[PDB]
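2 protein chains.
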Amino acid sequence: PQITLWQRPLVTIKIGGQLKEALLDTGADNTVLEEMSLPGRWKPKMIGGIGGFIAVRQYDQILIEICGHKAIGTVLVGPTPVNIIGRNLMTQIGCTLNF
Amino acid sequence: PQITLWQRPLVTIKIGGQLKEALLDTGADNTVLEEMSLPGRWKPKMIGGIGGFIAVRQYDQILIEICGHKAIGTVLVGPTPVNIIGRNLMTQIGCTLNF
Ligand SMILES: Cc1c(O)cccc1C(=O)N[C@@H](CSc1ccccc1)[C@H](O)CN1C[C@H]2CCCC[C@H]2C[C@H]1C(=O)NC(C)(C)C
């Protein structure tokens, strides 16, 4: 799959038995999902974007299926308006920028 | 150029006679630079990221040289902590995501 950038690079994910849409985001160090319940224990974390900071819950070794490719990594959960797949997960699916 | 995502995808830009480093950001609709003086007249704009909103100045038809590729487009100027090259400029340089 080659994805051009004329539209947002949204992909379908499967995480915790749920189907979501998420944005492939090269400008994000981390992966950030809207509120959802996840197994097992987490740690509080602040992350900064443009315009300020949000509080999130850090879950490690969480299974995610991104466009049919499985990856396990750290997933942050909190009040983001868009599901974000960051570089931590993108490297696991062999995802590159090209030009 | 193929860019893997193990590190931030930072590139050198030239804009308004100045050299800067900027992040190639698939998760950004717009291009956002820290405070700098630019030719032309501008319009006020609010943009939202994670954790809130910032006020920026919208400059159109601005020349930018991104990793040696010229592009002209809308550049937003304001209190972003990182220079961000968004999709609007990335399409102009033939930039794709691949995996
Ligand atoms: C800059 C920009 C636009 O011009 C237009 C639309 C969105 C954005 C925007 O802020 N996008 C961001 C993701 S968050 C997001 C929020 C709303 C919609 C889509 C994505 C960037 O892609 C990533 N963004 C780039 C960059 C922005 C300036 C501050 C430092 C980083 C923070 C980083 C980021 O947010 N990282 C998290 C791990 C917290 C997710």
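Residue numbers (PDB author numbering), protein chains in the order written: chain B, 1 to 99; chain A, 1 to 99.
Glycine included, C-beta positions come from ideal geometry on N, C-alpha and C.
Beta-carbon separation (whole angstroms), residue i vs residue j, contact threshold 8 Å
i	j	result
residue 75 of chain B	residue 64 of chain B	7 Å
residue 47 of chain B	residue 32 of chain B	7 Å
residue 68 of chain A	residue 88 of chain A	With 8 Å as the limit, residue 68 of chain A and residue 88 of chain A do not qualify as a contact, their Cβ atoms being about 19 Å apart.
residue 23 of chain B	residue 98 of chain B	Incorrect: roughly 18 Å between the Cβ atoms, too far for contact.
residue 25 of chain B	residue 86 of chain A	Not really, about 11 Å apart at Cβ, beyond 8 Å.
residue 44 of chain A	residue 57 of chain A	7 Å
residue 36 of chain B	residue 5 of chain A	Their Cβ separation, rounded to whole angstroms, is 24 Å, which puts residue 36 of chain B and residue 5 of chain A out of contact at 8 Å.
residue 9 of chain B	residue 3 of chain B	5 Å
residue 21 of chain A	residue 80 of chain A	Wrong, their Cβ atoms sit about 13 Å apart, outside the cutoff.
Residues that residue i contacts on chain A, provided the C-beta gap is smaller than 8 Å
i	result
residue 2 of chain B	96, 97, 98
residue 80 of chain B	50
residue 62 of chain B	Those do not exist, as residue 62 of chain B stays about 19 Å from chain A at its closest Cβ, beyond 8 Å.
Partner residues on chain A for residue i, Cβ-Cβ distance less than 7 Å
i	result
residue 87 of chain B	5
residue 15 of chain B	By Cβ distance, chain A contributes nothing, its closest Cβ being about 18 Å from residue 15 of chain B, past 7 Å.
Under 9 Å from the C-beta of residue i: neighbouring residues of chain B
i	result
residue 12 of chain A	None at all; the shortest Cβ gap to chain B is about 14 Å.
Chain B residues whose Cβ lies nearer than 8 Å to that of residue i
i	result
residue 93 of chain A	99
residue 72 of chain A	Going along chain B, no residue has its Cβ under 8 Å from residue 72 of chain A, so there is no contact; the nearest lies around 16 Å.
### Task
Pull out every residue of the stretch 20-50 of chain A whose Cβ sits closer than 8 Å to any Cβ of chain B, in chain order.
23, 24, 25, 26, 27, 28, 29, 32, 47, 48, 49, 50
### Query
Curious, which full-length beta strand (DSSP E) runs of at least 3 residues does the stretch 11-35 of chain B contain?
18-24
### Query
Contact between the stretch 38-53 of chain B and the stretch 89-99 of chain B: three or more CB pairs below 8 Å?
no
### Those runs of the beta strand (DSSP E) which lie wholly inside the stretch 40-89 of chain A and span at least 3 residues
43-49, 52-66, 69-77
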